[PDB]
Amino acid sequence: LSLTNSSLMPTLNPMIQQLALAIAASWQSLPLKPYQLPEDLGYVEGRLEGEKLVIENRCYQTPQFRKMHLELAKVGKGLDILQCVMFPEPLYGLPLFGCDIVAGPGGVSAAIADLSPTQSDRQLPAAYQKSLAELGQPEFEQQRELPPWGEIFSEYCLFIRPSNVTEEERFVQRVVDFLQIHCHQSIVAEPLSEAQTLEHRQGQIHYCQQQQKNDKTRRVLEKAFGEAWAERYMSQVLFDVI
């Protein structure tokens, strides 16, 4: 988690670097243990007929979070990516923290962050609704509309092209705020009933199945590794259906 031994970090877009540091800082004092990905994956690289894709995978778990996954990636010299999902243990009924950042030489093209629901009513728990409302509406100049599979995201989801450094920093601060809320709620959550645990598990499964519809990720993986590898990666490493 120190990221001090990351080979990608020094070379990534500055907003991605700050967000990776913020996520690692939020996690570093939790009761973590490593989470072994399929084939105990860590670093991976591949190329076919075009650019090389390199990915650093870090993955942890705690009693409240089944899987805490931070990926950093680069395609060639032209494209940097940060992905993070905290998959909740359904027993505690927490939402799914996620973010995705994509940047080119011209700057960040896409910045997405959310606390996504797992309840059948598609609502965040009441305490999250209350704390999120208290943050107020952030202003961003270049909003982007989610694709249809993005129905899984909450009404608090951010999806923008940052317009300037002020917006990059506002976005990172909102992600910090989401993580502060989420980590706090993880302390004040208890084991749920078996029926409720089941309901939350179903919400998480749905989230993973919808994330697998994102062809933006799939094409990048396929161009470097091919169709079969990408399908394994997306279904077994990124968005495993529990």
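Residue positions are given as counts along the sequence shown, with the first one as 1.
Comparing 192-200 with 40-48, the higher mean C-alpha B-factor in the PDB entry belongs to 192-200. Comparing the deposited coordinates for 116-124 and 149-157, the stretch with the larger average C-alpha B-factor is 116-124. Across the residues 142, 109, 83, 129, the deposited record lists the maximum Cα B factor for 129. As recorded in the entry, 33 carries the highest CA temperature factor of 33, 69, 206, 216. Among the modelled residues of its chain, residue 87 has a C-alpha B-factor that falls in the middle third, as given in the PDB entry. The entry lists a Cα temperature factor for residue 13 that places it in the middle third of the chain's modelled residues. For residue 94, the recorded CA temperature factor ranks within the middle third of the chain's modelled residues.
Compared with the other modelled residues of the chain, the Cα B-factor recorded for residue 79 ranks in the middle third.
Among the modelled residues of the chain, residue 100 sits in the lowest third by CA temperature factor in this PDB entry.
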